[PDB]
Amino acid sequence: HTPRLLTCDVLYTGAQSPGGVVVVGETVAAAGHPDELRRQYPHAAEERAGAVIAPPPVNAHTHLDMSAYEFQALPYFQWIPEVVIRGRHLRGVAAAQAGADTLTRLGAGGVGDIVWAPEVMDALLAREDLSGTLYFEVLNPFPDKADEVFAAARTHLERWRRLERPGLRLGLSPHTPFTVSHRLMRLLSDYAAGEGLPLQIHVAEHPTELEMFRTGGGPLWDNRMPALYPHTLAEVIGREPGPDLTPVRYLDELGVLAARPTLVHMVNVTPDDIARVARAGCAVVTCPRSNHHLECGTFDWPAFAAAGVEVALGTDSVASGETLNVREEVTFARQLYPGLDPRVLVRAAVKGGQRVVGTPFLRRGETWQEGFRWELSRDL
């Protein structure tokens, strides 16, 4: 027949750069380094196929439905009006179903979705086109309410666990280290660890979070809505904030990292925090655009990579992440980390995410799919 050599900047079948794929008809003949290919197929016509050739990326963290409650609980979300405004429509089943539709049109790559409304979980759990993990979000900073909140959450979880099918599993998501009491956090992590339920916790997203764990105050805590929290952060976390404390150290000493939960954002951490995460074997999900729009600072990917921590990519909800298309986060991340090997970004988008949410192979014999050529991606 007639082989075609499609070349790209980064290929992921470990990622390779430069990259290339020889296609014969609609079948992959070979995939690897391009020079190897031009030498193996001298008569093959070449085609510049764009920057990336790889399976559709996994959106390891997003919210297809949210609550005014979680917006109200986080002061820094309010400081960026556009985010609150954009987030208002992200309520209920209809909006969630439309989001899932978008994910499917984008390549049907896996997804790590945080769910708020029980009715949304009912609907998404029944989506035969989705794959990944649906994490039920739990939020309550009052120690005295921990037992009852846990019991209510467990009931829902036990019910849904029976509806769970291969490819789309149920997960749990304690909101943050400061909107969930220390008692409820441990009840949740222990339960999930024992039942084999994946976990995702938003940690150290904004710098003001690290500040209050150190001083008990600052722009976040001092500007919260009083009725939504106990009178002191100490009451929420069960210990006094201090100079040597951080939300990560808090979770580590609380014994929550023992369950190997996936930590989201993780922008404002210290070298010691990174060491604790690496030791525990926790994976982390970074949402580039979201962090930028929420003025949270920048995730230190090179530091996490050097520590050997598994990194995945997410877009976060569209309120702060713009779109549900992770291909766009890869582009953004390339700009954020000039010294970081682009191959690391692509591998993270695909393999990293798959490992977090639970990947098509691109090799000889496999059907060549246009979905592997990112430059041709359509969200409609």
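Quick note: we count residues from 1 along the sequence shown, nothing fancier.
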According to the PDB record, deposited residues with no modelled atoms between residue 358 and residue 359 number 1 to 3
I'd like the number of residues from the deposited sequence that lie between residue 13 and residue 14 yet are not in the model, binned as none, 1 to 3, 4 to 9, or 10 or more.
1 to 3
Comparing 327 to 335 with 32 to 40, which stretch shows the greater average C-alpha B-factor in the deposited entry?
32 to 40
Higher avg CA temperature factor (177 to 185 vs 211 to 219, as deposited) belongs to 211 to 219
C-alpha B-factor winner, where the candidates are 168, 138, 95, 233:
168
Sort 300, 205, 129, 119 by C-alpha B-factor from the entry and give me just the highest.
129
Which third of the chain does residue 237 land in by C-alpha B-factor: lowest, middle or highest?
lowest
Taking only the Cα B-factors deposited for this chain, tell me whether residue 90 sits in the lowest, middle or highest third.
middle
Residue 58's Cα B-factor: lowest, middle or highest third of the chain?
lowest
Residue 78's Cα B-factor: lowest, middle or highest third of the chain?
highest
Comparing against every modelled residue in the chain, figure out the third that the C-alpha B-factor of residue 247 lands in (lowest, middle or highest).
lowest
